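Student: Pasting in a structure now, in structure tokens, and then I'll have a few things to ask.
Note that each Cβ is placed from the backbone with ideal geometry, even for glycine, and that neighbours are counted across all protein chains shown. FYI, it's all coordinate maths here, none of it is from the lab.
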Number of protein chains: 2
Amino acid sequence: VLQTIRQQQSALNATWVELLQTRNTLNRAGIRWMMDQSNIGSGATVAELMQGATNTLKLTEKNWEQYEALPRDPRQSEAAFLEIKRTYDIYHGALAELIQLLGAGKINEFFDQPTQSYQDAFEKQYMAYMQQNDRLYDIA
Amino acid sequence: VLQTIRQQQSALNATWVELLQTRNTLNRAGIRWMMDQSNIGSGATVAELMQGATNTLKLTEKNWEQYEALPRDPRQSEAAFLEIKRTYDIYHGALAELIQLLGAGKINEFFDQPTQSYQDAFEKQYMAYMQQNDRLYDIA
Ligand SMILES: [Cl-]
Ligand SMILES: [Cl-]
Ligand SMILES: [Cl-]
Ligand SMILES: [Cl-]
Ligand SMILES: [K+]
Ligand code: NA
Ligand code: NA
Ligand code: NA
Ligand code: NA
Ligand code: NA
Ligand code: NA
């Protein structure tokens, strides 16, 4: 009912969060990488931070696949779902690419990547779709 | 009453989400800082990143005061809210400290701060608060 959508919402939202956690951890690995170049390294290591971001990006893919396999109400928009998946797939792909640039030490390319646009296109769709699902609440 | 929950959950989630975008932005700024100091600055500027971070930390403050003023059902746990507040206030205050540290060139104190621990601690209370509200939705 209003619970099949509250449950589909929560799945999607754990994808959002894990993407945002992957992104931040990766940007931590960036600082440490830069410090190591200036031999002022300290705290968490590049290798450990990359490990957590490999972790949370895999968690991201698994949270996504669970949100897809959830059922959809017919009253929900199929173009919406497909636009959610288009932006996710760019965003996740972008974070998967950050993992490679850093391992290869491509700090500028790493940092010049417009992850922020990819994320914003995905956040745009997320916010729309939660409005369309909150409406389904208002009317049930 | 069921509507008053989703409203709470959405206000609190919006704070979470924004606490995470701020952390990522801050870490972006430290990479760029490090880069400026090594004369390989590219991408977005420290100044642009620090003003996004300043901006999103106020949105978090605001998102938070909106969640707080939403009426809390009597079946919801006053200790649970109090513990969210505790971990929220540590986490928020910590990202505020990161703004001051980076402004001051204090990159090691920036990178060393145990932000993860404050985030984890907030996320623990948030995950538990949701499962409770979700069991509570279930009942009704
Ligand atoms: Cl590069
Ligand atoms: Cl961008
Ligand atoms: Cl320092
Ligand atoms: Cl920590
Ligand atoms: K991890
Ligand atoms: Na943006
Ligand atoms: Na929300
Ligand atoms: Na600098
Ligand atoms: Na910029
Ligand atoms: Na603002
Ligand atoms: Na407090």
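Student: When each pair of different Cα atoms in the protein assembly as shown is counted once in the 1/r mean, what is the Kirkwood radius in angstroms, to one decimal?
Tutor: On the way: mean 1/r = 0.0507 Å⁻¹.
Averaging 1/r across every pair of different Cα atoms and inverting gives 19.7 Å.
Student: Using a Förster distance of 30 angstrom, determine the FRET efficiency expected from the C-beta separation of residue B:138 and residue B:62, and round it to 0.05.
Tutor: Numbers: r = 31 Å, r/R0 = 1.02.
For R0 = 30 Å, the calculated efficiency reads 0.45.
Student: When only Cα pairs under 8 Å and 6 or more residues apart are kept, what is the percent relative contact order across chain A?
Tutor: Details: 106 pairs, mean separation 42.2, N = 140.
30 percent.
Student: Which whole number gives the average, over all residues in B:28-34, of C-beta atoms from other chains lying within 10 Å of the residue C-beta? Could the numbers behind the result be given before it?
Tutor: Numbers: counts 8, 2, 7, 11, 4, 2, 10.
For this peptide, the per-residue mean of nearby foreign Cβ atoms is 6.
Student: Same structure again: Compute the distance in nm between two label points, each set 7 Å from the Cα along the Cα-to-Cβ direction, one at residue B:55 and one at residue A:45.
Tutor: 3.8 nm
Student: Right, another one. In nm, what does the list of distances from residue A:39 to its counterparts in the other copies look like, shortest first, when each label sits 7 Å along Cα to Cβ?
Tutor: Shortest to longest, the spacings are 1.9 nm.
Student: Okay, moving on. Measuring from a point 7 Å out along Cα→Cβ, what nm distances, shortest first, does residue B:2 have to its partners in the other copies?
Tutor: Ordered by distance, the counterparts are at 0.5 nm.
Student: If we restrict to alpha carbons, what Rg and Dmax does chain B come to, in Å?
Tutor: That works out to 17.5, 60 Å for Rg and Dmax.
Student: Calculate the spin-label point distance for residue B:112 paired with residue A:75, positioning each point 7 Å from the Cα along the beta-carbon direction, and give it in nanometres.
Tutor: Modelled inter-label distance: 5.7 nm.
Student: Here is a follow-up. From the backbone phi of the stretch A:2-18, what are the Karplus-calculated ³J(HN,Hα) couplings (6.51 cos²θ - 1.76 cosθ + 1.60, θ = phi - 60°) in whole Hz, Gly and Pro given as x?
Tutor: Once θ is set to phi - 60°, the couplings for the stretch A:2-18 become 7, 9, 6, 8, 4, 7, 6, 4, 4, 4, 5, 5, 6, 5, 3, 4, 5 Hz.
Student: If one takes the longest principal axis of the Cα atoms in chain A, at what angle in degrees, from 0 to 90 and to the nearest 10, does the Cα axis of helix A:115-139 lie?
Tutor: Relative to chain A, helix A:115-139 is tipped by roughly 20 degrees.
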